[PDB]
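What follows is the content of entry_14.cif (mmCIF, C-alpha atoms and all ligand atoms).
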```cif
data_coords
loop_
_atom_site.group_PDB
_atom_site.id
_atom_site.type_symbol
_atom_site.label_atom_id
_atom_site.label_comp_id
_atom_site.auth_asym_id
_atom_site.auth_seq_id
_atom_site.Cartn_x
_atom_site.Cartn_y
_atom_site.Cartn_z
ATOM 1 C CA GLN T 1 -32.271 -0.788 0.036
ATOM 2 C CA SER T 2 -29.785 1.787 1.462
ATOM 3 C CA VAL T 3 -26.106 1.042 0.575
ATOM 4 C CA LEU T 4 -23.180 2.358 2.703
ATOM 5 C CA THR T 5 -21.002 4.526 0.388
ATOM 6 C CA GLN T 6 -17.156 4.602 0.617
ATOM 7 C CA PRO T 7 -14.513 6.148 -1.743
ATOM 8 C CA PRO T 8 -13.085 3.297 -3.971
ATOM 9 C CA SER T 9 -9.327 3.725 -3.197
ATOM 10 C CA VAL T 10 -7.165 6.236 -1.220
ATOM 11 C CA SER T 11 -3.340 6.623 -1.492
ATOM 12 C CA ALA T 12 -1.229 8.701 0.964
ATOM 13 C CA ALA T 13 2.536 9.016 1.700
ATOM 14 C CA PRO T 14 3.758 7.549 5.064
ATOM 15 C CA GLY T 15 3.287 10.191 7.818
ATOM 16 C CA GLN T 16 0.235 11.766 6.091
ATOM 17 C CA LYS T 17 -3.198 11.667 7.829
ATOM 18 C CA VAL T 18 -5.809 9.510 5.980
ATOM 19 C CA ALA T 19 -9.563 10.331 6.069
ATOM 20 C CA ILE T 20 -12.138 7.655 5.019
ATOM 21 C CA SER T 21 -15.857 8.608 4.774
ATOM 22 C CA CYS T 22 -18.813 6.182 5.188
ATOM 23 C CA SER T 23 -22.202 7.505 3.937
ATOM 24 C CA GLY T 24 -25.445 5.931 5.242
ATOM 25 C CA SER T 25 -29.205 6.613 5.581
ATOM 26 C CA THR T 26 -30.393 8.098 8.919
ATOM 27 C CA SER T 27 -32.034 4.784 9.978
ATOM 28 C CA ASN T 28 -28.752 2.769 9.720
ATOM 29 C CA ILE T 29 -25.805 5.031 10.834
ATOM 30 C CA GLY T 30 -27.984 7.303 13.034
ATOM 31 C CA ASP T 31 -29.420 4.492 15.221
ATOM 32 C CA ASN T 32 -26.267 2.372 15.896
ATOM 33 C CA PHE T 33 -22.535 3.309 15.817
ATOM 34 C CA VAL T 34 -20.673 2.147 12.650
ATOM 35 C CA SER T 35 -17.987 -0.573 13.059
ATOM 36 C CA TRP T 36 -14.785 -0.294 10.940
ATOM 37 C CA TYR T 37 -13.062 -3.502 9.701
ATOM 38 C CA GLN T 38 -9.450 -3.510 8.400
ATOM 39 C CA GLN T 39 -8.988 -6.390 5.906
ATOM 40 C CA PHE T 40 -5.494 -7.059 4.468
ATOM 41 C CA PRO T 41 -5.711 -8.508 0.899
ATOM 42 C CA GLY T 42 -5.924 -12.346 0.969
ATOM 43 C CA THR T 43 -6.692 -12.354 4.744
ATOM 44 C CA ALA T 44 -9.887 -12.597 6.878
ATOM 45 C CA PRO T 45 -11.235 -9.141 7.991
ATOM 46 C CA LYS T 46 -10.092 -7.849 11.437
ATOM 47 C CA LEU T 47 -12.241 -5.380 13.461
ATOM 48 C CA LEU T 48 -10.436 -1.980 13.547
ATOM 49 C CA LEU T 49 -12.932 0.280 15.407
ATOM 50 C CA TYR T 50 -15.811 -0.857 17.682
ATOM 51 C CA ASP T 51 -18.642 1.621 18.463
ATOM 52 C CA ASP T 52 -16.926 4.370 16.351
ATOM 53 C CA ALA T 53 -13.923 5.994 18.150
ATOM 54 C CA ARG T 54 -13.479 3.209 20.782
ATOM 55 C CA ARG T 55 -10.629 0.825 19.767
ATOM 56 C CA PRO T 56 -10.555 -2.956 20.567
ATOM 57 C CA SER T 57 -7.391 -4.279 22.335
ATOM 58 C CA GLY T 58 -4.628 -4.765 19.703
ATOM 59 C CA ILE T 59 -5.555 -1.655 17.635
ATOM 60 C CA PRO T 60 -3.000 1.245 17.478
ATOM 61 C CA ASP T 61 -3.901 4.547 19.258
ATOM 62 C CA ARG T 62 -2.889 6.428 16.053
ATOM 63 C CA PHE T 63 -6.049 4.954 14.453
ATOM 64 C CA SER T 64 -8.875 7.456 15.195
ATOM 65 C CA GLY T 65 -11.931 9.124 13.598
ATOM 66 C CA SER T 66 -15.309 10.693 14.529
ATOM 67 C CA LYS T 67 -18.843 9.955 13.212
ATOM 68 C CA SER T 68 -20.959 13.149 12.863
ATOM 69 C CA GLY T 69 -24.611 12.932 11.689
ATOM 70 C CA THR T 70 -25.091 10.214 9.014
ATOM 71 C CA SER T 71 -21.357 10.219 8.060
ATOM 72 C CA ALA T 72 -18.657 8.074 9.762
ATOM 73 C CA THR T 73 -15.033 9.304 9.403
ATOM 74 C CA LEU T 74 -11.941 7.097 9.984
ATOM 75 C CA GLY T 75 -8.728 9.057 10.721
ATOM 76 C CA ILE T 76 -5.315 7.343 10.345
ATOM 77 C CA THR T 77 -2.181 9.172 11.637
ATOM 78 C CA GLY T 78 1.517 8.164 11.595
ATOM 79 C CA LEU T 79 0.821 6.116 8.423
ATOM 80 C CA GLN T 80 3.564 3.487 7.761
ATOM 81 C CA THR T 81 4.445 0.993 4.970
ATOM 82 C CA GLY T 82 2.540 -2.333 5.258
ATOM 83 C CA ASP T 83 -0.529 -0.513 6.682
ATOM 84 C CA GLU T 84 -2.162 -0.898 3.223
ATOM 85 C CA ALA T 85 -5.573 -2.650 3.538
ATOM 86 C CA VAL T 86 -9.260 -2.432 2.436
ATOM 87 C CA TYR T 87 -11.499 -0.684 5.027
ATOM 88 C CA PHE T 88 -15.216 -1.588 5.419
ATOM 89 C CA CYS T 89 -17.776 0.339 7.545
ATOM 90 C CA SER T 90 -20.641 -1.862 8.841
ATOM 91 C CA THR T 91 -23.860 -0.551 10.495
ATOM 92 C CA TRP T 92 -27.077 -2.638 10.884
ATOM 93 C CA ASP T 93 -30.228 -0.888 9.544
ATOM 94 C CA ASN T 94 -33.327 -0.847 11.821
ATOM 95 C CA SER T 95 -35.597 0.106 8.852
ATOM 96 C CA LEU T 96 -34.141 -2.625 6.564
ATOM 97 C CA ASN T 97 -33.770 -5.074 9.511
ATOM 98 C CA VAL T 98 -30.553 -6.329 7.781
ATOM 99 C CA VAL T 99 -26.826 -5.642 8.498
ATOM 100 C CA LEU T 100 -25.349 -3.184 5.924
ATOM 101 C CA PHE T 101 -21.700 -3.456 4.726
ATOM 102 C CA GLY T 102 -19.798 -0.613 2.980
ATOM 103 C CA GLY T 103 -18.267 -1.066 -0.501
ATOM 104 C CA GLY T 104 -14.800 -0.508 1.014
ATOM 105 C CA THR T 105 -11.806 1.843 0.543
ATOM 106 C CA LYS T 106 -8.435 0.543 -0.768
ATOM 107 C CA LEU T 107 -5.726 2.253 1.368
ATOM 108 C CA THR T 108 -2.127 1.798 -0.046
ATOM 109 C CA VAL T 109 1.526 3.204 -0.029
ATOM 110 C CA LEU T 110 3.651 3.408 -3.267
ATOM 111 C CA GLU D 1 -8.605 -16.541 21.218
ATOM 112 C CA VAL D 2 -11.721 -17.541 19.179
ATOM 113 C CA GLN D 3 -11.216 -19.933 16.208
ATOM 114 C CA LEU D 4 -13.954 -20.256 13.519
ATOM 115 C CA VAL D 5 -13.352 -23.468 11.452
ATOM 116 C CA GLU D 6 -14.923 -23.438 7.929
ATOM 117 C CA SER D 7 -15.973 -26.503 5.824
ATOM 118 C CA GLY D 8 -18.549 -27.935 3.339
ATOM 119 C CA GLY D 9 -17.498 -25.405 0.663
ATOM 120 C CA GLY D 10 -16.741 -26.819 -2.810
ATOM 121 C CA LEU D 11 -17.412 -26.469 -6.568
ATOM 122 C CA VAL D 12 -21.145 -27.262 -7.099
ATOM 123 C CA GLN D 13 -23.637 -27.310 -10.047
ATOM 124 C CA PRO D 14 -26.244 -24.447 -10.136
ATOM 125 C CA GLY D 15 -29.445 -26.518 -9.593
ATOM 126 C CA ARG D 16 -27.906 -28.279 -6.558
ATOM 127 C CA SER D 17 -27.785 -27.690 -2.761
ATOM 128 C CA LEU D 18 -24.779 -27.235 -0.397
ATOM 129 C CA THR D 19 -24.416 -27.077 3.443
ATOM 130 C CA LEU D 20 -21.739 -24.881 5.146
ATOM 131 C CA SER D 21 -20.581 -25.848 8.685
ATOM 132 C CA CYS D 22 -18.844 -23.419 11.117
ATOM 133 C CA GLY D 23 -16.879 -24.737 14.141
ATOM 134 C CA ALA D 24 -16.767 -22.461 17.220
ATOM 135 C CA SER D 25 -13.944 -22.802 19.817
ATOM 136 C CA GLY D 26 -12.334 -20.601 22.529
ATOM 137 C CA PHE D 27 -15.692 -19.039 23.567
ATOM 138 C CA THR D 28 -19.176 -20.156 24.712
ATOM 139 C CA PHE D 29 -21.169 -20.731 21.472
ATOM 140 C CA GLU D 30 -24.639 -20.175 23.042
ATOM 141 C CA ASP D 31 -23.551 -16.896 24.763
ATOM 142 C CA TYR D 32 -22.525 -15.094 21.516
ATOM 143 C CA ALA D 33 -24.719 -14.644 18.391
ATOM 144 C CA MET D 34 -23.289 -16.108 15.127
ATOM 145 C CA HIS D 35 -23.586 -14.481 11.646
ATOM 146 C CA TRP D 36 -22.736 -15.467 8.019
ATOM 147 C CA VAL D 37 -20.904 -12.937 5.752
ATOM 148 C CA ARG D 38 -19.844 -13.710 2.126
ATOM 149 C CA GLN D 39 -17.379 -11.711 -0.052
ATOM 150 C CA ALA D 40 -16.848 -12.545 -3.761
ATOM 151 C CA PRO D 41 -13.210 -11.774 -4.810
ATOM 152 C CA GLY D 42 -12.830 -8.177 -6.107
ATOM 153 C CA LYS D 43 -16.164 -7.249 -4.428
ATOM 154 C CA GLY D 44 -17.201 -5.668 -1.077
ATOM 155 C CA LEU D 45 -18.300 -7.735 1.971
ATOM 156 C CA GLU D 46 -22.009 -8.783 1.844
ATOM 157 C CA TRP D 47 -23.938 -9.866 4.994
ATOM 158 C CA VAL D 48 -25.843 -13.134 4.269
ATOM 159 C CA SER D 49 -27.483 -14.500 7.455
ATOM 160 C CA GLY D 50 -27.850 -13.846 11.222
ATOM 161 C CA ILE D 51 -28.833 -15.992 14.252
ATOM 162 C CA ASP D 52 -28.914 -15.382 18.053
ATOM 163 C CA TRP D 53 -28.640 -17.084 21.503
ATOM 164 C CA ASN D 54 -32.246 -18.413 21.204
ATOM 165 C CA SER D 55 -31.440 -19.705 17.651
ATOM 166 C CA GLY D 56 -34.260 -17.463 16.335
ATOM 167 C CA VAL D 57 -33.522 -16.326 12.754
ATOM 168 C CA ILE D 58 -32.651 -12.575 12.810
ATOM 169 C CA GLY D 59 -33.102 -12.485 9.000
ATOM 170 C CA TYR D 60 -31.598 -13.228 5.545
ATOM 171 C CA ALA D 61 -30.198 -11.003 2.753
ATOM 172 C CA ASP D 62 -33.105 -10.100 0.386
ATOM 173 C CA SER D 63 -31.177 -11.718 -2.535
ATOM 174 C CA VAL D 64 -30.768 -15.025 -0.580
ATOM 175 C CA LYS D 65 -34.203 -14.926 1.173
ATOM 176 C CA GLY D 66 -36.236 -18.147 0.655
ATOM 177 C CA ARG D 67 -33.203 -19.989 -0.813
ATOM 178 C CA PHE D 68 -30.963 -19.953 2.310
ATOM 179 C CA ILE D 69 -31.739 -21.630 5.698
ATOM 180 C CA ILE D 70 -29.690 -20.906 8.887
ATOM 181 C CA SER D 71 -29.632 -23.268 11.928
ATOM 182 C CA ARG D 72 -27.277 -23.761 14.923
ATOM 183 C CA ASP D 73 -26.882 -26.311 17.763
ATOM 184 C CA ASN D 74 -25.764 -24.849 21.143
ATOM 185 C CA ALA D 75 -24.758 -28.341 22.417
ATOM 186 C CA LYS D 76 -22.565 -29.098 19.336
ATOM 187 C CA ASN D 77 -21.114 -25.515 19.311
ATOM 188 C CA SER D 78 -21.707 -25.512 15.503
ATOM 189 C CA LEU D 79 -23.877 -23.481 13.043
ATOM 190 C CA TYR D 80 -24.989 -24.772 9.592
ATOM 191 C CA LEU D 81 -26.108 -22.726 6.529
ATOM 192 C CA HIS D 82 -28.223 -24.593 3.902
ATOM 193 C CA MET D 83 -28.008 -23.038 0.385
ATOM 194 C CA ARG D 84 -30.555 -23.936 -2.369
ATOM 195 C CA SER D 85 -31.110 -22.650 -5.962
ATOM 196 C CA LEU D 86 -27.372 -21.738 -6.038
ATOM 197 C CA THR D 87 -26.443 -19.176 -8.762
ATOM 198 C CA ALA D 88 -23.280 -17.530 -10.207
ATOM 199 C CA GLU D 89 -24.220 -14.471 -8.056
ATOM 200 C CA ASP D 90 -24.165 -16.830 -5.001
ATOM 201 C CA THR D 91 -20.528 -17.851 -5.748
ATOM 202 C CA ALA D 92 -18.412 -16.131 -3.015
ATOM 203 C CA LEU D 93 -16.168 -16.753 0.057
ATOM 204 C CA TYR D 94 -18.336 -17.396 3.171
ATOM 205 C CA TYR D 95 -16.585 -16.316 6.441
ATOM 206 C CA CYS D 96 -18.052 -17.245 9.873
ATOM 207 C CA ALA D 97 -18.704 -14.110 11.996
ATOM 208 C CA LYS D 98 -18.830 -13.999 15.848
ATOM 209 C CA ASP D 99 -21.212 -11.249 17.126
ATOM 210 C CA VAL D 100 -20.772 -9.765 20.666
ATOM 211 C CA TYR D 101 -24.488 -8.759 20.878
ATOM 212 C CA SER D 102 -27.029 -11.645 20.884
ATOM 213 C CA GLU D 103 -29.963 -9.356 19.865
ATOM 214 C CA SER D 104 -27.623 -7.734 17.255
ATOM 215 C CA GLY D 105 -30.177 -4.855 17.191
ATOM 216 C CA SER D 106 -27.635 -2.081 17.946
ATOM 217 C CA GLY D 107 -23.896 -1.583 18.678
ATOM 218 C CA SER D 108 -23.212 -5.155 17.454
ATOM 219 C CA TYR D 109 -19.691 -5.746 16.039
ATOM 220 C CA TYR D 110 -17.910 -8.925 14.839
ATOM 221 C CA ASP D 111 -15.148 -9.734 17.387
ATOM 222 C CA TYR D 112 -13.667 -12.585 15.268
ATOM 223 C CA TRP D 113 -13.815 -13.638 11.573
ATOM 224 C CA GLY D 114 -13.464 -17.218 10.224
ATOM 225 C CA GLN D 115 -10.825 -18.007 7.548
ATOM 226 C CA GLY D 116 -13.729 -18.860 5.197
ATOM 227 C CA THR D 117 -14.505 -21.485 2.510
ATOM 228 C CA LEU D 118 -14.883 -20.949 -1.279
ATOM 229 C CA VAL D 119 -18.297 -21.829 -2.757
ATOM 230 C CA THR D 120 -18.099 -22.015 -6.568
ATOM 231 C CA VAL D 121 -21.353 -22.317 -8.550
ATOM 232 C CA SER D 122 -20.775 -23.286 -12.220
ATOM 233 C CA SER D 123 -22.031 -25.748 -14.885
ATOM 234 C CA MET Z 153 4.799 -13.979 33.156
ATOM 235 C CA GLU Z 154 1.462 -15.527 34.148
ATOM 236 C CA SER Z 155 0.665 -18.823 32.411
ATOM 237 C CA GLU Z 156 -3.131 -18.864 32.657
ATOM 238 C CA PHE Z 157 -5.651 -21.527 31.579
ATOM 239 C CA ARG Z 158 -2.763 -23.862 30.679
ATOM 240 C CA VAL Z 159 -4.357 -26.546 32.888
ATOM 241 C CA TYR Z 160 -6.858 -27.664 30.242
ATOM 242 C CA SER Z 161 -7.553 -27.499 26.509
ATOM 243 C CA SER Z 162 -11.310 -28.011 26.037
ATOM 244 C CA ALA Z 163 -14.092 -26.459 28.136
ATOM 245 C CA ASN Z 164 -17.637 -27.466 27.176
ATOM 246 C CA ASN Z 165 -20.941 -28.244 28.896
ATOM 247 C CA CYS Z 166 -20.493 -25.883 31.835
ATOM 248 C CA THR Z 167 -22.926 -26.700 34.642
ATOM 249 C CA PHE Z 168 -21.815 -24.713 37.710
ATOM 250 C CA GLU Z 169 -19.982 -21.408 38.145
ATOM 251 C CA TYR Z 170 -18.951 -19.601 41.320
ATOM 252 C CA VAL Z 171 -16.700 -16.654 42.172
ATOM 253 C CA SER Z 172 -15.942 -15.498 45.717
ATOM 254 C CA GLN Z 173 -13.093 -14.295 47.891
ATOM 255 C CA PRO Z 174 -10.057 -16.538 47.267
ATOM 256 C CA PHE Z 175 -9.501 -19.488 49.585
ATOM 257 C CA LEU Z 176 -5.800 -18.656 49.902
ATOM 258 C CA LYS Z 187 5.611 -19.633 56.943
ATOM 259 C CA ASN Z 188 1.819 -19.974 56.855
ATOM 260 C CA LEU Z 189 -0.076 -23.269 56.976
ATOM 261 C CA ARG Z 190 -3.171 -23.601 54.790
ATOM 262 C CA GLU Z 191 -5.223 -26.659 55.750
ATOM 263 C CA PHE Z 192 -8.109 -27.941 53.635
ATOM 264 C CA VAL Z 193 -10.608 -30.797 53.811
HETATM 265 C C1 LIG T 201 -23.934 -32.094 28.500
HETATM 266 O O1 LIG T 201 -24.145 -32.474 29.868
HETATM 267 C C2 LIG T 201 -25.408 -33.105 30.116
HETATM 268 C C3 LIG T 201 -25.498 -33.334 31.606
HETATM 269 O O2 LIG T 201 -24.213 -33.293 32.215
HETATM 270 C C4 LIG T 201 -25.502 -34.394 29.307
HETATM 271 O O3 LIG T 201 -26.774 -34.994 29.521
HETATM 272 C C5 LIG T 201 -25.305 -34.091 27.828
HETATM 273 O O4 LIG T 201 -25.284 -35.304 27.084
HETATM 274 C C6 LIG T 201 -23.997 -33.337 27.605
HETATM 275 N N1 LIG T 201 -23.851 -32.976 26.202
HETATM 276 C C7 LIG T 201 -22.667 -32.764 25.617
HETATM 277 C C8 LIG T 201 -22.709 -32.402 24.164
HETATM 278 O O5 LIG T 201 -21.611 -32.855 26.235
#
```

Could you spell out this file's structure in structure tokens?
Ligand SMILES: *[C@@H]1O[C@H](CO)[C@@H](O)[C@H](O)[C@H]1NC(C)=O
Amino acid sequence: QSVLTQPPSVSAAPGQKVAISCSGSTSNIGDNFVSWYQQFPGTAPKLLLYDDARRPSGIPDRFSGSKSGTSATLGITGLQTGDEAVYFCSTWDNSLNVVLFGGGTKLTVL
Amino acid sequence: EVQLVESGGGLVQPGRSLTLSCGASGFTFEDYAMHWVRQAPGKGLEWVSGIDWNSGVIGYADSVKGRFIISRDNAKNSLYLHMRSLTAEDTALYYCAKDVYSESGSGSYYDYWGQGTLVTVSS
Amino acid sequence: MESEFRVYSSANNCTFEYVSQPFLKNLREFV
């Protein structure tokens, strides 16, 4: 069973660009665009990116990122305090016929 | 605004069964596919079950296959998950998920997430 | 400042839908 791979935790100073990488098998990420979810600790997950770069209403333009090949990249710019959250990349797998959820990356500011 | 009410989650013994009920409001229930996602605290999100407009079962997580049953009623606007052979691994927080794509085959993302209920499986 | 859908709270069991050109010192008579 393919598992989406994400770095455990990332820390950056406010105003520093943040890159998050999601690693998946060709059948999952290659067939359908990954969906990013921003979950604040102790809160229900909120969709951050739909169909890769496209952003759902209520998501800041500074949030960005491009998926190339089997890797999905989330780019965060103009980072601020209180933006700390756990990010999950989710892409359904045609071969596995099950939705796949990434381990998650713990973004934070000191 | 879509609100996903969560209930039927409580401390339960391992060799027992438990039903989880999700309440759907602010959108047509039949029009949008509904999915179950659980996340144990300190662990990554894990997809558990999926269903569609025709109420056909999209599938179950391999770990929960044959122990979990998913069903929904379009008229009642509610979906119910039946859990059997509950284990410590099963213990997690089950959040209702609203899916924009009924087939959920491709480009399917969860527009809204339920607050969730805490299933605890212990002796 | 549009207050929309404030005319009801629950909407279930839809049975008929229809969208067309809107009906509306000008008199607007209806029957
Ligand atoms: C829905 O409407 C139909 C016909 O108007 C009626 O027979 C049925 O009982 C209704 N069900 C609910 C749940 O409102």

Give me, as a PyMOL selection string, the contact residues of chain Z against chain D at a cut-off of 9 Å, counting only C-alpha atoms.
chain Z and resi 162-165

Pull the closest atom pair for each residue of chain T that gets at most 12 Å from chain D, along with the distance in Å to one decimal, counting all atoms listed in the file, ordering rows by chain and then ascending residue number, as a Markdown table.
```
| residue | atom | partner | partner_atom | distance |
| --- | --- | --- | --- | --- |
| T:1 | CA | D:62 | CA | 9.4 |
| T:3 | CA | D:46 | CA | 10.7 |
| T:4 | CA | D:44 | CA | 10.7 |
| T:5 | CA | D:44 | CA | 11.0 |
| T:6 | CA | D:44 | CA | 10.4 |
| T:8 | CA | D:44 | CA | 10.3 |
| T:27 | CA | D:106 | CA | 11.4 |
| T:28 | CA | D:106 | CA | 9.6 |
| T:29 | CA | D:106 | CA | 10.2 |
| T:30 | CA | D:106 | CA | 10.6 |
| T:31 | CA | D:106 | CA | 7.3 |
| T:32 | CA | D:106 | CA | 5.1 |
| T:33 | CA | D:107 | CA | 5.8 |
| T:34 | CA | D:107 | CA | 7.8 |
| T:35 | CA | D:109 | CA | 6.2 |
| T:36 | CA | D:109 | CA | 8.9 |
| T:37 | CA | D:110 | CA | 8.9 |
| T:38 | CA | D:113 | CA | 11.5 |
| T:39 | CA | D:45 | CA | 10.2 |
| T:41 | CA | D:41 | CA | 10.0 |
| T:42 | CA | D:41 | CA | 9.3 |
| T:43 | CA | D:115 | CA | 7.5 |
| T:44 | CA | D:115 | CA | 5.5 |
| T:45 | CA | D:113 | CA | 6.3 |
| T:46 | CA | D:113 | CA | 6.9 |
| T:47 | CA | D:111 | CA | 6.5 |
| T:48 | CA | D:111 | CA | 9.9 |
| T:49 | CA | D:109 | CA | 9.1 |
| T:50 | CA | D:109 | CA | 6.5 |
| T:51 | CA | D:107 | CA | 6.2 |
| T:52 | CA | D:107 | CA | 9.5 |
| T:54 | CA | D:107 | CA | 11.7 |
| T:55 | CA | D:111 | CA | 11.7 |
| T:56 | CA | D:111 | CA | 8.8 |
| T:57 | CA | D:111 | CA | 10.7 |
| T:58 | CA | D:111 | CA | 11.9 |
| T:86 | CA | D:44 | CA | 9.3 |
| T:87 | CA | D:44 | CA | 9.7 |
| T:88 | CA | D:45 | CA | 7.7 |
| T:89 | CA | D:45 | CA | 9.8 |
| T:90 | CA | D:109 | CA | 8.2 |
| T:91 | CA | D:107 | CA | 8.2 |
| T:92 | CA | D:106 | CA | 7.1 |
| T:93 | CA | D:105 | CA | 8.6 |
| T:94 | CA | D:105 | CA | 7.4 |
| T:95 | CA | D:105 | CA | 11.1 |
| T:96 | CA | D:62 | CA | 9.8 |
| T:97 | CA | D:59 | CA | 7.5 |
| T:98 | CA | D:59 | CA | 6.8 |
| T:99 | CA | D:47 | CA | 6.2 |
| T:100 | CA | D:47 | CA | 6.9 |
| T:101 | CA | D:46 | CA | 6.1 |
| T:102 | CA | D:44 | CA | 7.0 |
| T:103 | CA | D:44 | CA | 4.8 |
| T:104 | CA | D:44 | CA | 6.1 |
| T:105 | CA | D:44 | CA | 9.4 |
| T:106 | CA | D:44 | CA | 10.7 |
```

Give the answer as one residue: which of D:73, D:117, D:86, D:102 has the shortest atom-to-atom distance to ligand LIG 201 (chain T), using only C-alpha atoms and all ligand atoms?
D:73

Excluding residue T:64 and residues on its chain fewer than 3 positions from it, collect all residues at most 7 Å away from it, counting all atoms listed in the file, and give them as a list in words.
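Once the adjacent positions are removed, what remains is residues 53, 74, 75 and 76 of chain T.
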
Listed atoms of stretch 83-95 of chain D, axis-aligned box, 5 Å per side: centre and edge lengths to one decimal in Å, as AutoDock Vina command-line options?
```
--center_x -23.6 --center_y -19.2 --center_z -1.9 --size_x 24.9 --size_y 19.5 --size_z 26.6
```

Could you state which residues are captured by the PyMOL selection byres (((chain D and resi 100) around 6) and not hetatm) in this file, as a VMD selection string?
chain D and resid 32 99 101

Tell me which residues the PyMOL selection byres (((chain D and resi 16) around 10) and not hetatm) grabs here, as JSON, numbers by chain.
{"D": [12, 13, 14, 15, 17, 18, 83, 84, 85, 86, 87, 121]}

Expand the PyMOL selection byres (((chain T and resi 73) around 7) and not hetatm) into the individual residues it matches in the shown file, reporting them as JSON, numbers by chain.
{"T": [19, 20, 21, 22, 65, 66, 67, 71, 72, 74, 75]}

Find, counting only C-alpha atoms and all ligand atoms, the residue in Z:166, Z:193, Z:188, Z:172 that gets nearest to ligand LIG 201 (chain T).
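Comparing Z:166, Z:193, Z:188, Z:172 against ligand LIG 201 (chain T), the winner is Z:166.
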
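Going from atom CA of residue D:21 to atom CA of residue T:40 covers 24.5 Å.
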
Please, what distance in Å, to one decimal, runs between atom CA of residue D:82 and atom CA of residue D:67?
8.3 Å

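Across the model, the gap from atom CA of residue D:3 to atom CA of residue D:53 is 18.4 Å.
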